[PDB]
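Single-structure report; data block below.
To find a chain, count down the sequence lines: A is the first, B the second, and so on, and within it residues start at 1. Atom set for the values below is all heavy atoms of this structure, side chains included, hydrogens, waters and symmetry mates excluded.
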Amino acid sequence: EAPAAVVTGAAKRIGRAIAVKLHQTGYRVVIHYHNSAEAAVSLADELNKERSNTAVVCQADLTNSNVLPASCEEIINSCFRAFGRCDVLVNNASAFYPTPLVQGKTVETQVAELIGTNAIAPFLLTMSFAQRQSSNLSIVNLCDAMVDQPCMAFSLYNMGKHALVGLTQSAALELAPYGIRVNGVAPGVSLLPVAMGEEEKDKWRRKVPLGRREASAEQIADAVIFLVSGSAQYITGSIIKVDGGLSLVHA
Amino acid sequence: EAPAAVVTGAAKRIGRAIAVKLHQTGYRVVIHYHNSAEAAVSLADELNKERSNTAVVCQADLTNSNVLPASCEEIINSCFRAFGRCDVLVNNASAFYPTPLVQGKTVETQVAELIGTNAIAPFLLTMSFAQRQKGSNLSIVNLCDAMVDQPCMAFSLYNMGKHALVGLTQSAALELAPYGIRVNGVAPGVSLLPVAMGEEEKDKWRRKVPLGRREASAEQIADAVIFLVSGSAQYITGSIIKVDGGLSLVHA
Amino acid sequence: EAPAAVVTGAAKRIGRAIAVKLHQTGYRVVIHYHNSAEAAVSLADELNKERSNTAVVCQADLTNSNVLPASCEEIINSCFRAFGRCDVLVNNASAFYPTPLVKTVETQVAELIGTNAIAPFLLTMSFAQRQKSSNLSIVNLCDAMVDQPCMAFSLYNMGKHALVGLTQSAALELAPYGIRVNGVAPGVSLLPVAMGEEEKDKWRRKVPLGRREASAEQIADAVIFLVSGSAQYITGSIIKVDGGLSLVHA
Amino acid sequence: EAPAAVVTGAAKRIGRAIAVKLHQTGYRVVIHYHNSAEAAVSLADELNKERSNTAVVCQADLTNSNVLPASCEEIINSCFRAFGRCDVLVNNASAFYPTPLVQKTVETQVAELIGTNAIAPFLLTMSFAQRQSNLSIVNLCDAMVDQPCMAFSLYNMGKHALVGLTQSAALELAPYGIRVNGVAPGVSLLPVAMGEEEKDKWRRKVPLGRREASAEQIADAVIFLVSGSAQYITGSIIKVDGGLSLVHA
Ligand SMILES: NC(=O)c1ccc[n+]([C@@H]2O[C@H](COP(=O)([O-])OP(=O)(O)OC[C@H]3O[C@@H](n4cnc5c(N)ncnc54)[C@H](OP(=O)(O)O)[C@@H]3O)[C@@H](O)[C@H]2O)c1
Ligand SMILES: NC(=O)c1ccc[n+]([C@@H]2O[C@H](COP(=O)([O-])OP(=O)(O)OC[C@H]3O[C@@H](n4cnc5c(N)ncnc54)[C@H](OP(=O)(O)O)[C@@H]3O)[C@@H](O)[C@H]2O)c1
Ligand SMILES: NC(=O)c1ccc[n+]([C@@H]2O[C@H](COP(=O)([O-])OP(=O)(O)OC[C@H]3O[C@@H](n4cnc5c(N)ncnc54)[C@H](OP(=O)(O)O)[C@@H]3O)[C@@H](O)[C@H]2O)c1
Ligand SMILES: NC(=O)c1ccc[n+]([C@@H]2O[C@H](COP(=O)([O-])OP(=O)(O)OC[C@H]3O[C@@H](n4cnc5c(N)ncnc54)[C@H](OP(=O)(O)O)[C@@H]3O)[C@@H](O)[C@H]2O)c1
Ligand SMILES: Nc1nc(=O)c2c(CCc3ccc(C(=O)N[C@@H](CCC(=O)O)C(=O)O)cc3)c[nH]c2[nH]1
Ligand SMILES: Nc1nc(=O)c2c(CCc3ccc(C(=O)N[C@@H](CCC(=O)O)C(=O)O)cc3)c[nH]c2[nH]1
Ligand SMILES: Nc1nc(=O)c2c(CCc3ccc(C(=O)N[C@@H](CCC(=O)O)C(=O)O)cc3)c[nH]c2[nH]1
Ligand SMILES: Nc1nc(=O)c2c(CCc3ccc(C(=O)N[C@@H](CCC(=O)O)C(=O)O)cc3)c[nH]c2[nH]1
């Protein structure tokens with residue numbers, strides 16, 4: 001029987017690349033999305049055309065709130081409803097925008113979105129994943145190789161990604177007796193934001209020692225596929241940088 | 001004019017010792033508390049007996065909520081009202097309890113309390129501190145955890161909150177450096193053990209500590225805070241000083 | 001045509017498993033050894049039985065000395081003379097024993113810092129100087145417990161910390177040549193051969209994931225990943241393969 | 001009775017400021033030097049004019065060699081000979097120059113860079129510990145050890161090894177009451193041979209004040225770590241870098 005995976009924020013960009021690579025490896029996939037319905041459905045169509053009834057979409061807001069635990073439970077439930085099992089959880093979805101400390105969304109909403117998507121929803125999904133469980137069960141968190149060299153005015157995003165390191169490690173420890181491995185993949189610069197001008201993209205690209213270019217989405221996905229594979233069966237609590245050396249570069 | 005400091009969770013234990021040492025160094029102090037009003041006021045009475053009108057109290061819940069930004073602005077405002085300045089912020093207050101991943105409070109309440117006290121309230125307090133200096137030896141000290149990367153079993157939300165606080169310490173150091181505000185951390189290993197912890201369990205922890213087989217006094221933690229806010233640390237920002245007796249170096 | 005790899009300390013244990021897995025992946029191998037000639041030769045004969053002319057051995061002491069640069073250049077040269085190319089270097093060989101603060105101390109320095117750090121550096125130098133479709137990389141065998149050191153192992157621990165520095169420094173400097181430099185950090189894998197089972201069990205019981213040590217093959221699996229086409233943007237990274245051991249407090 | 005300290009590489013720059021501030025704090029000092037004899041003697045003269053018989057010089061090469069253990073033992077011995085005790089060791093001396101991977105012999109470069117930055121600190125730590133209050137060791141680390149400068153591999157290896165020594169020795173020497181810590185500058189006094197434009201480039205990188213640390217600011221962290229206000233601190237490395245290490249590329 002084929003294994004099944006949940007990928008959050010999987011309609012586009014790195015999450016799509018991860019869903020596609022898992023599918024190509026033989027997984028059935030739940031493509032979670034928030035606003036990108038058309039893209040999520042187009043991806044699911046493509047994957048089901050390759051192999052019937054191996055892709056479903058699942059919509060949810062992962063902003064923090066008192067119903068977020070129920071929403072996260074429902075995402076995991078959606079994998080069991082479609083496929084009867086849930087082997088892999090990939091926490092990819094992420095809000096990302098600056099929140100300057102010195103002076104439109106309220107700061108409460110910014111906290112809820114940035115901390116919710118990058119940390120609290122991963123935690124709740126991890127709880128629900130574990131509660132529902134030869135086998136090769138694992139979680140992969142999308143971290144940030146630059147977490148200790150943060151971008152200016154991104155405090156809440158950075159706090160969220162630091163919390164996600166903590167979750168990765170805490171959950172690795174606590175879920176190891178259940179055979180559930182918990183790891184991270186930490187991009188440096190991969191696909192730059194769609195809104196970024198080409199000159200700003202090239203400023204980042206020129207900083208990367210290995211090739212002066214950003215990681216492709218597929219390169220990020222390659223590290224996720226390794227960590228979910230049998231070739232990583234003793235690996236838990238590890239965060240693999242996929243950054244071309246960027247984090248090693250001084251100012 | 002004497003400088004002024006805010007210390008969160010200052011009625012007892014490490015926060016109390018930090019407030020006392022700041023006051024002995026010459027600071028005026030805001031003693032923040034949540035439930036410990038009697039002890040906050042007794043501390044203020046002791047400090048004001050030493051120097052009149054140099055200590056005030058301030059009550060607030062630091063759980064995340066719709067009112068937390070306002071609550072944190074009013075803590076910083078209380079320092080300006082009492083003393084006309086706010087030179088130092090010490091983010092000490094902290095909720096601490098296990099949150100197992102597998103199975104009275106709901107998980108969302110636990111998120112609010114553990115992430116609010118350890119991370120979001122420090123962030124909001126940091127914002128309000130800086131904004132009130134938006135136009136001297138100004139600094140922030142965050143109480144971290146030397147064991148952040150060897151966490152206790154079933155403490156995921158606490159640990160996430162302390163990891164977030166490392167990120168805030170570093171992010172705020174970078175962003176606030178142009179304003180001359182330094183942002184640093186002090187990371188205890190084991191200091192004063194929880195009052196509800198059994199004597200046997202306290203001794204198990206003490207026996208793990210390489211340096212002296214004992215926990216840090218609250219005063220030893222406070223000594224590192226005093227260093228970081230002093231003129232002897234004026235080039236130090238974004239640094240987290242472990243005060244742990246070697247505990248974090250000990251393998252399983 | 002087949003890529004070629006150098007594996008130091010490849011006659012036994014984790015090095016041997018790495019050499020086997022690289023050979024199974026299609027590499028020609030140089031099996032470096034110091035004292036274990038019979039084991040090195042038996043491995044070579046096994047590999048060449050699988051595919052003729054795909055394995056050679058190379059003897060060298062990797063203790064620090066005045067001759068170590070020449071010894072390291074000769075190891076790399078042996079790969080070129082055998083196979084015409086050198087695509088992968090795996091720095092595995094390692095002296096390991098306690099050196100309490102309270103053999104002469106200069107010999108202990110030479111052996112522990114030489115094998116764990118200075119020979120990796122010199123091999124890296126020589127590897128790169130010969131490279132002054134391709135997928136060139138270096139993998140250093142690190143230690144997941146490098147920041148939670150074992151008592152009285154200061155020189156070993158210094159050597160492994162230096163190896164982290166080498167990994168990162170060489171990743172930065174060699175990136176323009178397309179040479180990636182990464183690490184694999186075991187926690188506990190194969191325990192020392194003479195260690196009593198009761199002592200091995202003290203370690204095993206500490207490992208969150210399965211209460212067991214890693215096989216040599218599981219360590220080799222991470223090396224195979226890092227040298228593969230699936231790791232082409234990964235440089236300067238150290239992958240723990242430790243079952244969560246480094247996360248466990250005292 | 002006044003405690004005594006050994007400071008390696010103490011004739012000039014950061015080591016000099018450390019020796020001065022320890023002396024001002026009440027320590028007797030051994031001013032170790034390699035080539036800077038005139039400066040070392042000058043410092044000892046200055047400190048002894050303030051308090052007689054409180055400073056001596058001690059010459060040694062700290063390059064790795066088969067005699068380095070003997071040399072390190074003799075530095076510690078020189079503190080006992082002068083002052084009858086040795087309370088503090090500051091491992092400051094350091095060779096620093098690039099060693100490109102793609103192209104002094106390489107063996108000499110290994111010896112100098114790994115010797116001064118790592119092996120000599122280890123042997124001095126051994127000798128300090130064996131010869132034994134508030135005893136401690138402070139190692140001069142590098143806040144940029146994980147964001148290394150191009151072509152500085154051997155230097156960087158030495159500093160990484162020094163982190164390991166700091167931690168290992170903290171663990172092993174704790175039962176003896178000897179604390180072992182580090183101070184990690186980012187940019188402090190820039191090299192004398194660095195050109196002005198390059199110095200200004202480094203300064204402009206520093207978030208906190210766009211200036212390098214003074215030698216005295218680095219010494220201030222050393223003073224803290226040797227003091228009674230650090231009595232529970234061991235195995236800690238304090239960055240004194242103005243935020244430099246937090247700045248991305
Ligand atoms: N791109 C990089 O260079 C880079 C660098 C470092 C780390 N990373 C990490 O790698 C991961 C993927 O990066 P990326 O650039 O592909 O991400 P992205 O495009 O910025 O965001 C991925 C998805 O997150 C979803 N999302 C955002 N807010 C949400 C919310 N409130 N509820 C639910 N889902 C929400 C969005 O789904 P919808 O579109 O359906 O609304 C979005 O498509 C992220 O965790 C990121 O932090 C990326
Ligand atoms: N003790 C240790 O060994 C240790 C180890 C590692 C790190 N640390 C860190 O060092 C700091 C001090 O430790 P500690 O043991 O002294 O702390 P603690 O006694 O556990 O807590 C300090 C104070 O936090 C306040 N607090 C808790 N929840 C709050 C809420 N919802 N709103 C506002 N304030 C709240 C309480 O104030 P009221 O009493 O007024 O309600 C409490 O007295 C903490 O940040 C802790 O994480 C301590
Ligand atoms: N085993 C573990 O649990 C563990 C844990 C953490 C890290 N690691 C690392 O993983 C790697 C492999 O571990 P392992 O246990 O397989 O290693 P090992 O058996 O201790 O040693 C591997 C080989 O190193 C060679 N070696 C030792 N001293 C040498 C010298 N002076 N010159 C040249 N070669 C020398 C020996 O070759 P000959 O036999 O031919 O003389 C030996 O067989 C090492 O780097 C180790 O530090 C292992
Ligand atoms: N300056 C910075 O910005 C900076 C940045 C990061 C870290 N640090 C660290 O802080 C420390 C002090 O830095 P610094 O700039 O003051 O150092 P420095 O001037 O580069 O060197 C200090 C002294 O080291 C001695 N030394 C060099 N090679 C030696 C050898 N073979 N044997 C014995 N002693 C030798 C020299 O003594 P003689 O003059 O007597 O020959 C020299 O004066 C060093 O550990 C350095 O790595 C400094
Ligand atoms: N979820 C998620 N999505 C991403 O795209 C992403 C990245 C991409 C890299 C990146 C880093 C900094 C800025 C940056 O400096 N942004 C500034 C300036 C933008 C500009 O100049 O266009 C901003 O204000 O956004 C913009 C992009 C990192 N982490 C991420 N996480
Ligand atoms: N705010 C705050 N207050 C504190 O008192 C405190 C401490 C004290 C140290 C401490 C450590 C473990 C446990 C503990 O409960 N351990 C678990 C066992 C799990 C484990 O230790 O891995 C227990 O049930 O004993 C309880 C207390 C750390 N961080 C803190 N932050
Ligand atoms: N190269 C290399 N080879 C290895 O085998 C290895 C290991 C194996 C793990 C390990 C850790 C500590 C001790 C330990 O405590 N050893 C003590 C006691 C041994 C015993 O009790 O039998 C020692 O004195 O050797 C022995 C073994 C780590 N790093 C290594 N690097
Ligand atoms: N002992 C010791 N003495 C020092 O003076 C010192 C320093 C000072 C800072 C420093 C930084 C870079 C270069 C430098 O040379 N940079 C190269 C460019 C490479 C790069 O910066 O990545 C150059 O040629 O400038 C030279 C000096 C750091 N560590 C030190 N240790």
Side-chain angles (χ1 to χ4, degrees), chain B residues 96-102 144-164 166 185 187-194 197 200-216 239-252, chain C residues 96-102 142-162 164 183 185-192 195 198-214 237-250:
Chain B
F96 173 79
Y97 49 78
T99 57
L101 288 171
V102 180
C144 297
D145 191 332
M147 302 302 285
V148 73
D149 291 313
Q150 298 124 276
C152 298
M153 183 59 71
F155 275 81
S156 282
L157 282 169
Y158 169 79
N159 184 242
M160 290 164 65
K162 290 302 196 191
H163 252 282
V166 172
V190 292
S191 177
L192 301 184
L193 290 147
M197 184 176 277
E200 28 1 63
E201 290 307 297
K202 293 185 190 164
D203 281 342
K204 295 183 165 147
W205 282 102
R206 294 168 173 141
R207 288 184 296 260
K208 297 169 195 297
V209 178
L211 193 70
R213 307 285 169 194
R214 67 181 68 90
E215 72 272 38
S239 295
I240 299 169
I241 303 176
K242 291 183 288 177
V243 185
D244 77 346
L247 183 62
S248 63
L249 303 174
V250 181
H251 68 66
Chain C
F96 169 81
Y97 54 78
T99 58
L101 289 169
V102 294
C142 296
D143 190 329
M145 302 301 286
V146 76
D147 291 313
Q148 292 132 276
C150 294
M151 185 57 68
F153 279 80
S154 57
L155 282 170
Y156 166 80
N157 182 247
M158 289 167 65
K160 291 303 197 190
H161 240 288
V164 174
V188 289
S189 177
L190 299 186
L191 290 145
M195 182 180 280
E198 68 277 16
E199 287 301 319
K200 298 192 183 89
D201 279 358
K202 289 190 202 148
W203 282 107
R204 288 164 173 155
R205 289 189 312 262
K206 297 171 173 179
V207 176
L209 192 70
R211 309 276 177 204
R212 66 190 79 173
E213 71 275 36
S237 293
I238 299 169
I239 305 179
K240 293 182 287 168
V241 184
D242 77 349
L245 182 65
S246 64
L247 303 177
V248 178
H249 67 70

| So which heavy atom on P151(B) is nearest to which on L247(C), and how close? |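 In this case the closest contact between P151(B) and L247(C) is CD-O, 3.8 Å.
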| message | Checking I238(C) now: which residues fulfil side-chain contact (heavy atoms from CB on, under 4.5 Å) with it, not counting sequence neighbours? | response |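 Partners of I238(C) under the side-chain contact (heavy atoms from CB on, under 4.5 Å) test: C142(C), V164(C), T167(C), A185(C).
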Which donor-acceptor pairs fall under 3.5 Å between chain B and chain C:
{"from": "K208(B)", "atom 1": "NZ", "to": "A250(C)", "atom 2": "O", "distance (Å)": "3.1"}
{"from": "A252(B)", "atom 1": "O", "to": "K206(C)", "atom 2": "NZ", "distance (Å)": "3.3"}

